[PDB]
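All remarks here apply to the structure that follows.
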Amino acid sequence: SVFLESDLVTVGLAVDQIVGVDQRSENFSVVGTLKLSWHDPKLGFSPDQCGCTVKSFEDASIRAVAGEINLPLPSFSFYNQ
Amino acid sequence: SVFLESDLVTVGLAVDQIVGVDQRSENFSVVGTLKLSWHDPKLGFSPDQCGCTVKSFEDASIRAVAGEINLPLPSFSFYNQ
Amino acid sequence: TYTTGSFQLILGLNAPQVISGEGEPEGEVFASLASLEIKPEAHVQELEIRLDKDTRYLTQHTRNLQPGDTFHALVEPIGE
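Note that the protein sequences, when read in sequence, are chains A, B and C. Numbered per PDB author numbering, the first sequence finishes at 402, counting up by one with no gaps. Numbered per PDB author numbering, the second sequence finishes at 402, counting up by one with no gaps. Numbered per PDB author numbering, the third sequence finishes at 241, counting up by one with no gaps.
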């Protein structure tokens with residue numbers, strides 16, 4: 322591999338319930354779940370410095386975590402939110 | 322030029338959808354896109370100090386960026402917001 | 162599985178302080194890289210790039226190079 326390759330991301334989405342449709346303002350609301358997964362060696366760590374196999378971040382967006390750890394992460398958004 | 326000059330700004334706006342009109346309170350709501358462009362040599366930088374060709378700021382208003390970088394920028398507002 | 166990463170290696174000769182892991186360099190060298198006696202295979206990639214009016218500057222990052230390796234590059238315009 323001379324030069325570089327883009328990081329591959331797996332995505333999935335599920336719809337649980339349609340909770341409303343607005344026919345005059347032309348919008349609808351939905352409840353569901355989103356999941357992302359990717360592989361990046363720059364995020365790897367050595368267990369002996371923490372004694373753990375899983376490192377976790379909670380109640381934060383991808384942009385916030387990327388800013389805190391100073392590494393590029395695949396942030397996303399809803400286009401018509 | 323002996324005298325100082327004003328910086329030239331290019332502006333554009335598009336309307337996507339009219340989403341509501343209130344006939345008693347006399348107001349309306351709209352969804353669209355806005356774009357600005359200008360040229361300022363004081364914002365220029367040298368690529369060899371960052372290894373990048375584009376420097377970006379996200380999720381911030383023009384006033385916040387101007388306050389952070391300590392340079393005057395063309396802030397704007399909606400008159401009848 | 163195997164593992165990947167960077168490492169720091171400290172070698173000593175008749176220097177018992179090395180096993181503490183804090184040996185500072187001293188004396189005259191005694192060991193050298195073995196690969197500097199040989200050479201490996203080649204990797205080639207070709208890409209097409211365009212410089213627009215507002216995109217006249219472009220940069221690309223390369224993978225890590227091991228000691229002793231060589232790098233070559235060339236650019237040829239499509240037309241005039």
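The beta carbon of each residue, even a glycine, is placed where N, CA and C say it ideally should be.
Check: Which residue or residues does DSSP assign as beta-bridge partners of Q338(B)?
Finding: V352(B)
Item checked: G388(B), enclosing alpha helix (DSSP H) - first and last residue -> 383-390
Note to self: Beta carbons nearer than 7 Å to chain B: which residues of the region 197-230 of chain C have them?
What the structure shows: Those would be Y218, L219, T220, in chain order.
Next item on the list: Can you grab the Cα-Cα spacing for the pair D361(B) / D328(B), in whole Å?
Entry: 8 Å
Check: Going along chain A in order, which residues have a C-beta closer than 7 Å to the C-beta of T165(C)?
Finding: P362
Checklist line | 8 Å Cβ cutoff met for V351(A) and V340(A) | finding: With respect to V340(A), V351(A) sits close: the two C-beta atoms are nearer than 8 Å.
Note to self: Please report the distance separating the alpha-carbon of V342(B) from that of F349(B).
What the structure shows: 4 Å
Notebook entry, point to check: Rounded to a whole number of angstroms, what is the C-alpha to C-alpha distance between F366(A) and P186(C)?
Noted result: Those two C-alpha atoms are separated by around 28 Å.
Margin query: Is it the case that the region 162-180 of chain C contacts the region 208-223 of chain C, given that we only count it when at least three CB pairs across the two stretches are under 8 Å?
Written below: no
Next item on the list: Consider the Cβ of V332(B): report whether some Cβ of chain A lies at a distance smaller than 8 Å.
Entry: It does not: the Cβ of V332(B) has no partner Cβ on chain A nearer than 8 Å.
Next item on the list: For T374(B), return the contacting residues in chain C, with the cut-off set at a CB-CB distance below 7 Å.
Entry: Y218, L219, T220
Check: Out of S193(C), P228(C), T164(C), which has the shortest C-alpha to C-alpha gap to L172(C)?
Finding: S193(C)
Notebook entry, point to check: Between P393(A) and the rest of its own chain, which residues show a CB-CB distance below 8 Å, the 5 nearest in sequence each way excluded?
Noted result: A387
Margin query: Considering Cα atoms alone, identify which of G184(C), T223(C), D215(C) is closest to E326(A).
Written below: Comparing C-alpha distances from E326(A) to each of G184(C), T223(C), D215(C) shows the shortest one belongs to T223(C).
Margin query: So, for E379(B): in the same chain, excluding its five sequence neighbours on each side, which residues have a beta-carbon less than 8 Å away from its beta-carbon?
Written below: Within the same chain, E379(B) has no close Cβ partners at all.
Next item on the list: Would you verify that the beta carbon of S398(A) is, or is not, closer than 8 Å to some beta carbon of chain B?
Entry: By this cut-off, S398(A) is not an interface position.
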